[PDB]
Structures are given as structure tokens and as C-alpha cells.
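> The structure is given below, and queries will be raised subsequently.
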Amino acid sequence: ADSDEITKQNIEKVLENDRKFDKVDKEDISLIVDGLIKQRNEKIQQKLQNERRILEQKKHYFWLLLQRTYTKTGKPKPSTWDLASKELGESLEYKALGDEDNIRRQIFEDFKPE
């Protein structure tokens, strides 16, 4: 979907019908293109939402790990994630977001315990 790859013009060159365009107006060409671009955007969006569902489960489990390590009363939530991460990273749930490093730092500060 990303960049549409000039889908309208590539489809419009096909909609010339090997240059037999003589019985189709200019209105038909644009409307078919707009439908194909919208369906390409929808197909991209549905796939991206499937990736998000995998991340939603891991955010709760990492929050459960951070709560087990840094509870309300037992260990205070660090003021800087670098101090936290140096002491956190033996446990496997911080390693389960080791490709999602921007998410793991944000959800740590935004944990808000109790």
C-alpha cells in the first residue's frame, strides 16, 4: 500500500485497454483508480492491526514483570529508564521487547504503580 507505487497511472495505462480507450470516457478511469487505492489502504491497515494484537499481550506481560521487580512498596519505580534497564535485564520479558525498545522505555515510565 505505502506510496501507491503510482497505482493510478499504472492502472490508467492498463485502462487505456491497449490504447483501445475510444469507448470509455475520462470519468470511468478516475473512479476505478480511487476504488483500488482505497482497497489497498484498507488491506494495509488490516494487516498492521494484526501486528498490534501481538504487541498488546507483551505490553501487559512486561508491565507484570516490571510490577514484580518494581512494585508499589518493595522497589520504587526508577526515575530514569537507563538506571532501571541496567538493573532489570536478566529477566526474559525485557528481552521480549528488545526489538521494540521505544515501546519498552515508554511503557516503563508510564507504568504508574498502584
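Naming works like this for the C-alpha cells: A, B, ... for the chains as they're shown, residue 1 at the start of each chain, ligands 1 onward in shown order.
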Which of stretch 45-95 of chain A counts as helix (DSSP H, G or I) under DSSP, as a PyMOL selection string please?
chain A and resi 45-69+81-88+92-95
> What is the atom CA of residue A:28-atom CA of residue A:8 distance in Å, reported with one decimal?
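Pair atom CA of residue A:28 / atom CA of residue A:8 returns 12.4 Å.
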> Excluding same-chain residues fewer than 6 positions from stretch 57-60 of chain A, what lies within 12 Å of it counting only C-alpha atoms, as number ranges by chain?
A: 51, 66-67, 92-98, 100-101, 103-108, 110-111
> Tell me which protein, DNA and RNA residues are within 10 Å of residue A:114, counting only C-alpha atoms, leaving out same-chain ones fewer than 4 positions away, and put them as a list in words.
residues 67, 71, 72 and 73 of chain A
